Amino acid sequence: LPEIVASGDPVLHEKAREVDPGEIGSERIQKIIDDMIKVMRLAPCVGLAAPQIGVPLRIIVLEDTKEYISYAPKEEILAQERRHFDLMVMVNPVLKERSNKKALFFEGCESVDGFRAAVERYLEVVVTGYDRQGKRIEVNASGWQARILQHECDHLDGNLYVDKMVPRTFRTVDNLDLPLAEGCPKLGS
Amino acid sequence: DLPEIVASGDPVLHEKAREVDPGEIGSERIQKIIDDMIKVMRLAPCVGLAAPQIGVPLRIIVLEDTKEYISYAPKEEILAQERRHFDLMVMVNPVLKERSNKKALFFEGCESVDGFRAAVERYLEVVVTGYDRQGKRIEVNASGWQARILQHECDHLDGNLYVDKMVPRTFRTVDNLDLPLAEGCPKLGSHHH
Ligand SMILES: CCCCC[C@H](CC(=O)NO)C(=O)N[C@H](C(=O)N1CCC[C@H]1CO)C(C)C
Ligand SMILES: CCCCC[C@H](CC(=O)NO)C(=O)N[C@H](C(=O)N1CCC[C@H]1CO)C(C)C
Ligand SMILES: [Zn+2]
Ligand SMILES: [Zn+2]
């Protein structure tokens, strides 16, 4: 299995190429997709973009399970509208917002280990693309799944969350629960 | 007991530090805080520190770049960075202003953000007014790397870390430090001067 690439490797900071839709069902593409799923599950995390395994192509994978969700208190889960959703694989995804509604919550990236910051994201998204077998799909999501989708689509444009985080909120994981500083906007919606 | 360095997320690092009363500077209380800063800076080792970094909400900075630290970096980088040695310096209530429009872009790390670096745009030439550790009124004119350290430390005093003013797409792990800058990132270096 490929290792998860860390901030600084130019593949993370460069625009990824679209995959020919007619090649999505090939061996090479199908292995990359399978690798992504194994790596996401081994971390574990709720999403992965192909550049994070060294692949300059427009492919994301993502899932959130009852198990992952059981690590967080019910209060957090509620505020975050965080809900289980099946393994999704999107090739050449194009995200657009469904409205102008945003929420502000703490995010971490497997390519930036030991840190988090508060990031503003649209609550409601639609993402068009192809699935794992090359079939055109449209995905509408709200809450936490929406957030994950923007996180992962970001990676495909060479964008990490550190370059769009709320100022003064960046922090170690051990400092996650400390208050927000004077002037930071409150968390939530 | 020596203070530990405070890490990103602790509010003292993200909020504006208060002035030292100039009449208080020569007191044992403030002198101990200064001595603690110098010792924490040296232990690290690093080239500067701000009081919020040892959990003290005061406008105090220390800095030091010795011939021995400098002796480790490549000769080429020292030239480009205009990185010159300078004796230990303490400033209480520092007030920083640029002396021109000339800037430079190089990599920085912060003791408060362990394990990462990023490209940060700084002024080449600055003047800093304040008080020395005896509470005497001073002015320091700095350029090059020393001007850079002064800017990073003064920023800490207003609740500002480099991560919130870094060139997009350059944040990296220390281990990935020397990997190529991505397409569209400005090159490292400075304005002619
Ligand atoms: C919300 C935005 C989605 C971020 C997705 C990231 C993974 C990533 O870097 N994707 O590109 C993640 O899983 N981060 C982790 C995460 O969110 N996890 C780990 C497993 C379950 C879930 C919540 O704890 C850690 C680093 C916090
Ligand atoms: C360049 C702008 C000023 C840097 C000041 C920082 C320390 C800090 O966070 N001060 O508030 C530092 O010393 N950082 C270290 C540093 O610059 N060092 C450590 C020892 C010598 C010198 C060059 O390697 C590391 C993180 C690189
Ligand atoms: Zn990520
Ligand atoms: Zn610092």
# chains A, B, ... in the order shown; residues from 1 in each chain; ligands from 1
>>> select_by_dssp(residues="region 7-155 of chain A", states="alpha helix (DSSP H)", output="number ranges by chain")
A: 27-42, 66-70, 74-79, 144-155
>>> write_last_selection(atoms="C-alpha atoms", output="PDB file, in the first residue's frame")
ATOM      1  CA  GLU A  27      -7.076  -2.197 -14.360  1.00  0.00           C
ATOM      2  CA  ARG A  28      -4.834   0.803 -13.669  1.00  0.00           C
ATOM      3  CA  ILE A  29      -7.716   3.038 -12.569  1.00  0.00           C
ATOM      4  CA  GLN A  30      -9.513   0.288 -10.595  1.00  0.00           C
ATOM      5  CA  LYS A  31      -6.276  -0.512  -8.650  1.00  0.00           C
ATOM      6  CA  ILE A  32      -5.820   3.177  -7.764  1.00  0.00           C
ATOM      7  CA  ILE A  33      -9.415   3.310  -6.468  1.00  0.00           C
ATOM      8  CA  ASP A  34      -8.907   0.077  -4.475  1.00  0.00           C
ATOM      9  CA  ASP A  35      -5.665   1.385  -3.030  1.00  0.00           C
ATOM     10  CA  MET A  36      -7.423   4.588  -1.977  1.00  0.00           C
ATOM     11  CA  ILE A  37     -10.121   2.638  -0.124  1.00  0.00           C
ATOM     12  CA  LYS A  38      -7.607   0.412   1.689  1.00  0.00           C
ATOM     13  CA  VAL A  39      -5.547   3.456   2.720  1.00  0.00           C
ATOM     14  CA  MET A  40      -8.512   5.463   3.867  1.00  0.00           C
ATOM     15  CA  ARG A  41      -9.633   2.460   5.993  1.00  0.00           C
ATOM     16  CA  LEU A  42      -6.237   1.741   7.433  1.00  0.00           C
ATOM     17  CA  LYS A  66     -21.555   4.041  12.915  1.00  0.00           C
ATOM     18  CA  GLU A  67     -18.195   3.075  14.341  1.00  0.00           C
ATOM     19  CA  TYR A  68     -16.290   6.274  13.456  1.00  0.00           C
ATOM     20  CA  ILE A  69     -19.258   8.258  14.782  1.00  0.00           C
ATOM     21  CA  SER A  70     -19.273   6.312  18.104  1.00  0.00           C
ATOM     22  CA  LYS A  74     -23.849  12.707  20.821  1.00  0.00           C
ATOM     23  CA  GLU A  75     -23.790  16.561  21.306  1.00  0.00           C
ATOM     24  CA  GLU A  76     -20.896  16.951  18.824  1.00  0.00           C
ATOM     25  CA  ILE A  77     -22.521  14.654  16.278  1.00  0.00           C
ATOM     26  CA  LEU A  78     -25.736  16.682  16.445  1.00  0.00           C
ATOM     27  CA  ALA A  79     -24.219  20.186  16.031  1.00  0.00           C
ATOM     28  CA  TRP A 144     -20.789  16.645   7.552  1.00  0.00           C
ATOM     29  CA  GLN A 145     -20.787  14.613   4.319  1.00  0.00           C
ATOM     30  CA  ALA A 146     -20.959  17.933   2.405  1.00  0.00           C
ATOM     31  CA  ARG A 147     -17.872  19.135   4.329  1.00  0.00           C
ATOM     32  CA  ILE A 148     -15.911  15.956   3.575  1.00  0.00           C
ATOM     33  CA  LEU A 149     -16.791  16.396  -0.137  1.00  0.00           C
ATOM     34  CA  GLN A 150     -15.364  19.946  -0.217  1.00  0.00           C
ATOM     35  CA  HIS A 151     -12.308  18.860   1.708  1.00  0.00           C
ATOM     36  CA  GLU A 152     -11.571  16.100  -0.794  1.00  0.00           C
ATOM     37  CA  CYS A 153     -12.533  18.101  -3.968  1.00  0.00           C
ATOM     38  CA  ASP A 154     -10.159  20.855  -2.635  1.00  0.00           C
ATOM     39  CA  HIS A 155      -7.213  18.408  -2.682  1.00  0.00           C
TER      40      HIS A 155
END
>>> interface_residues(of="chain B", to="chain A", cutoff="6 Å", atoms="only C-alpha atoms", output="list in words")
residues 8, 9, 11, 14, 164, 168, 169, 172, 173, 176 and 182 of chain B
>>> residues_around(residues="residue 174 (chain B)", least_positions_apart="2", cutoff="6 Å", atoms="only C-alpha atoms", output="PyMOL selection string")
chain B and resi 115-116+176-177
>>> select_by_dssp(residues="region 60-151 of chain A", states="strand (DSSP E or B)", output="ChimeraX atom specification")
/A:60-64,85-97,102-109,112-122,124-130,136-142
>>> write_last_selection(atoms="C-alpha atoms", output="mmCIF file, in the first residue's frame")
data_model
loop_
_atom_site.group_PDB
_atom_site.id
_atom_site.type_symbol
_atom_site.label_atom_id
_atom_site.label_comp_id
_atom_site.auth_asym_id
_atom_site.auth_seq_id
_atom_site.Cartn_x
_atom_site.Cartn_y
_atom_site.Cartn_z
ATOM 1 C CA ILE A 60 -11.907 11.000 -4.374
ATOM 2 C CA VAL A 61 -13.192 8.244 -1.984
ATOM 3 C CA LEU A 62 -15.237 8.832 1.213
ATOM 4 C CA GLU A 63 -17.344 7.103 3.908
ATOM 5 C CA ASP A 64 -18.585 7.776 7.515
ATOM 6 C CA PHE A 85 -23.064 7.179 4.667
ATOM 7 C CA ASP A 86 -21.991 4.383 2.323
ATOM 8 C CA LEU A 87 -18.647 4.175 0.553
ATOM 9 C CA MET A 88 -18.659 6.721 -2.264
ATOM 10 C CA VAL A 89 -16.105 6.893 -5.138
ATOM 11 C CA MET A 90 -16.239 9.959 -7.444
ATOM 12 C CA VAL A 91 -14.049 10.339 -10.607
ATOM 13 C CA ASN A 92 -13.831 13.829 -12.121
ATOM 14 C CA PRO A 93 -16.146 15.284 -9.446
ATOM 15 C CA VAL A 94 -17.469 18.847 -9.844
ATOM 16 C CA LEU A 95 -18.829 20.433 -6.728
ATOM 17 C CA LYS A 96 -21.231 23.398 -6.496
ATOM 18 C CA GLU A 97 -23.202 24.699 -3.466
ATOM 19 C CA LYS A 102 -22.087 27.697 5.805
ATOM 20 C CA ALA A 103 -20.974 26.177 9.085
ATOM 21 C CA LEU A 104 -17.649 26.600 10.908
ATOM 22 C CA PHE A 105 -16.074 23.512 12.551
ATOM 23 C CA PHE A 106 -12.628 22.073 13.295
ATOM 24 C CA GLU A 107 -10.989 19.984 10.523
ATOM 25 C CA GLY A 108 -7.829 17.877 10.287
ATOM 26 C CA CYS A 109 -6.059 16.501 7.126
ATOM 27 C CA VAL A 112 -1.010 17.792 7.976
ATOM 28 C CA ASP A 113 -0.496 15.533 10.979
ATOM 29 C CA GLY A 114 -1.173 16.729 14.645
ATOM 30 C CA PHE A 115 -2.974 19.986 13.909
ATOM 31 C CA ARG A 116 -6.541 21.271 13.292
ATOM 32 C CA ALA A 117 -8.099 24.620 12.459
ATOM 33 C CA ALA A 118 -11.655 25.911 12.105
ATOM 34 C CA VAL A 119 -12.806 25.910 8.497
ATOM 35 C CA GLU A 120 -15.949 27.449 6.958
ATOM 36 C CA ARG A 121 -17.735 25.188 4.487
ATOM 37 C CA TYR A 122 -21.027 25.173 2.644
ATOM 38 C CA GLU A 124 -25.432 21.925 1.183
ATOM 39 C CA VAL A 125 -23.643 20.640 -1.914
ATOM 40 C CA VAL A 126 -24.239 18.819 -5.208
ATOM 41 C CA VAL A 127 -21.403 16.964 -6.867
ATOM 42 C CA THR A 128 -21.569 15.510 -10.397
ATOM 43 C CA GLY A 129 -19.039 12.935 -11.685
ATOM 44 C CA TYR A 130 -18.627 9.264 -12.461
ATOM 45 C CA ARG A 136 -22.372 9.234 -14.494
ATOM 46 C CA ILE A 137 -23.754 10.074 -10.949
ATOM 47 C CA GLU A 138 -25.038 13.182 -9.117
ATOM 48 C CA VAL A 139 -24.597 13.402 -5.313
ATOM 49 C CA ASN A 140 -26.439 15.831 -3.035
ATOM 50 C CA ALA A 141 -25.258 16.046 0.536
ATOM 51 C CA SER A 142 -25.756 18.144 3.673
#
>>> atom_distance(atom1="CA of residue 107 (chain B)", atom2="atom 1 (C, counted along the ligand's line) of ligand 2")
7.3 Å
>>> closest_residue(among="B:88, B:167, B:154, B:33", to="ligand 2", atoms="only C-alpha atoms and all ligand atoms")
B:154
>>> residues_near_ligand(ligand="ligand 2", cutoff="6 Å", atoms="only C-alpha atoms and all ligand atoms", output="PyMOL selection string")
chain B and resi 45-50+69+108-112+148-149+152-153
>>> write_last_selection(atoms="C-alpha atoms", output="PDB file, in the first residue's frame")
ATOM      1  CA  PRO B  45      17.694  26.270  20.240  1.00  0.00           C
ATOM      2  CA  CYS B  46      16.008  29.118  18.424  1.00  0.00           C
ATOM      3  CA  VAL B  47      16.722  32.677  17.246  1.00  0.00           C
ATOM      4  CA  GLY B  48      14.001  34.627  19.054  1.00  0.00           C
ATOM      5  CA  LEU B  49      11.041  34.351  21.462  1.00  0.00           C
ATOM      6  CA  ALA B  50       8.019  36.271  22.559  1.00  0.00           C
ATOM      7  CA  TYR B  69      23.957  28.587  14.635  1.00  0.00           C
ATOM      8  CA  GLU B 108      10.140  30.123   8.593  1.00  0.00           C
ATOM      9  CA  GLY B 109       9.302  27.881  11.476  1.00  0.00           C
ATOM     10  CA  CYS B 110       7.740  28.713  14.846  1.00  0.00           C
ATOM     11  CA  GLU B 111       8.435  27.008  18.178  1.00  0.00           C
ATOM     12  CA  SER B 112       4.671  27.186  18.729  1.00  0.00           C
ATOM     13  CA  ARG B 148      12.774  39.016   9.740  1.00  0.00           C
ATOM     14  CA  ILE B 149      13.180  37.654  13.302  1.00  0.00           C
ATOM     15  CA  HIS B 152       8.020  37.279  13.535  1.00  0.00           C
ATOM     16  CA  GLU B 153       8.479  38.088  17.279  1.00  0.00           C
TER      17      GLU B 153
END
>>> closest_residue(among="B:165, B:16, B:75, B:99", to="residue 142 (chain B)", atoms="only C-alpha atoms")
B:99
>>> atom_distance(atom1="CA of residue 42 (chain B)", atom2="CA of residue 70 (chain B)")
14.2 Å
>>> closest_residue(among="A:4, A:123, A:46, A:16", to="residue 84 (chain A)", atoms="only C-alpha atoms")
A:46
>>> residues_around(residues="residue 189 (chain B)", least_positions_apart="4", cutoff="9 Å", atoms="only C-alpha atoms", output="PDB file with C-alpha atoms, in the first residue's frame")
ATOM      1  CA  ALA B  80      20.599  35.090  -0.141  1.00  0.00           C
ATOM      2  CA  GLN B  81      18.967  35.477   3.344  1.00  0.00           C
ATOM      3  CA  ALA B 104      11.838  39.052   0.741  1.00  0.00           C
ATOM      4  CA  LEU B 105      10.365  35.494   0.661  1.00  0.00           C
ATOM      5  CA  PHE B 106      11.955  32.621   2.646  1.00  0.00           C
TER       6      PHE B 106
END
>>> closest_residue(among="B:98, B:158, B:68, B:21", to="residue 84 (chain B)", atoms="only C-alpha atoms")
B:68
